[PDB]
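Pasting the sequence and an experimental structure:
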Protein chains: 2
Amino acid sequence: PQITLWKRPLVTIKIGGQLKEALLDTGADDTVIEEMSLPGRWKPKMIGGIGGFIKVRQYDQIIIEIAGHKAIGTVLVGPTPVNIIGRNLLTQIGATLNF
Amino acid sequence: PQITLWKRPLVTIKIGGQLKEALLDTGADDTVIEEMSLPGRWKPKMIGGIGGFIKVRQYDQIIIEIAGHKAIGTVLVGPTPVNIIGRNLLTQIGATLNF
Ligand SMILES: CC(C)CN(C[C@@H](O)[C@H](Cc1ccccc1)NC(=O)O[C@H]1CCO[C@H]2OCC[C@H]21)S(=O)(=O)c1ccc(B(O)O)cc1
Ligand SMILES: [Cl-]
Ligand SMILES: [Cl-]
Ligand SMILES: [Cl-]
Ligand SMILES: [Cl-]
Ligand SMILES: [Cl-]
Ligand code: NA
């Protein structure tokens, strides 16, 4: 698909057996999802942006489906105001910015 | 160009005659730049990011070049961690996300 940027580029994802809405975010290095449980090991991390830092749980080797495209990678879970698909997963679905 | 996302999508911008680095950010509604001098009046705005809200100064109808493409629009100035080009100006340069 070609997604214009007149509005937020929101898509449906499937993660941990749940459907969620998430933002395709070229400005995010990593993928950050609101509180949920995921299987396997995790380690704490701090991530920062406008307004400062939040503490998240880092889960590695998590399978997501992003607008129908499967990809595996690290997912950060914590008190993000929006679910964000960051570059670590955007690369895996072949997403590019074009102009 | 077609910009892949293995690296941050950093570009050069020109604003007020000065070159700066900025991040092409599809997750940002608005364009936010670090402290600098801009002409004219400003209006208040609160924006919310990952770690909470920050106050910024809103300057309208500012001339800005993004990766060589001319835009004229709203620039927010404040304590952002990096300069971010948001959708208000990504749309002016004709940017889309593609996969
Ligand atoms: C500021 C940016 C450099 C980074 N962010 C990504 C932005 O796209 C961010 C996403 C977002 C959207 C909505 C609420 C919270 C976070 N966008 C953002 O902060 O947008 C602000 C500023 C611009 O205009 C508004 O548009 C949306 C909310 C406002 S970030 O969300 O702060 C972020 C994501 C991942 C990581 B990491 O993996 O170490 C670190 C930081
Ligand atoms: Cl929107
Ligand atoms: Cl990853
Ligand atoms: Cl590629
Ligand atoms: Cl450039
Ligand atoms: Cl604008
Ligand atoms: Na894991």
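Cool, the structure landed. Numbering: from 1, shown residues only, chains lettered A, B, ... in the order given. Ligands and ions are numbered 1, 2, ... in the order given.

Do a quick rundown of the strands in chain A.
Counting by DSSP state E, one finds strands in chain A at the ranges A:2-3, A:10-15, A:18-24, A:31-33, A:43-49, A:52-66, A:69-77, A:84-85, A:96-98.

Any chance of JSON lines for those strands, columns mean neighbour count and distance to ligand 7?
Using the backbone N, CA and C atoms, a C-beta is placed for each residue, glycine as well. As requested, the strands of chain A are exported to JSON lines (neighbours: other C-beta atoms under 10 Å in any protein chain shown; distance: least, C-beta to the ion, whole Å):
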{"stretch": "strand A:2-3", "mean neighbour count": "12", "distance to ligand 7": "29"}
{"stretch": "strand A:10-15", "mean neighbour count": "18", "distance to ligand 7": "13"}
{"stretch": "strand A:18-24", "mean neighbour count": "17", "distance to ligand 7": "17"}
{"stretch": "strand A:31-33", "mean neighbour count": "27", "distance to ligand 7": "14"}
{"stretch": "strand A:43-49", "mean neighbour count": "14", "distance to ligand 7": "10"}
{"stretch": "strand A:52-66", "mean neighbour count": "17", "distance to ligand 7": "4"}
{"stretch": "strand A:69-77", "mean neighbour count": "18", "distance to ligand 7": "9"}
{"stretch": "strand A:84-85", "mean neighbour count": "26", "distance to ligand 7": "18"}
{"stretch": "strand A:96-98", "mean neighbour count": "17", "distance to ligand 7": "28"}
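
Ligand 2: which of these is closest?
Checking these against ligand 2 by C-beta to the ion gives strand A:10-15 as the closest, at 7.6 Å.

about what we covered before: mind putting the strands of chain A into JSON lines with distance to residue B:74?
Formatted as JSON lines, those follow (distance: least, C-beta to C-beta, whole Å):
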{"stretch": "strand A:2-3", "distance to residue B:74": "22"}
{"stretch": "strand A:10-15", "distance to residue B:74": "22"}
{"stretch": "strand A:18-24", "distance to residue B:74": "20"}
{"stretch": "strand A:31-33", "distance to residue B:74": "26"}
{"stretch": "strand A:43-49", "distance to residue B:74": "20"}
{"stretch": "strand A:52-66", "distance to residue B:74": "24"}
{"stretch": "strand A:69-77", "distance to residue B:74": "30"}
{"stretch": "strand A:84-85", "distance to residue B:74": "23"}
{"stretch": "strand A:96-98", "distance to residue B:74": "20"}
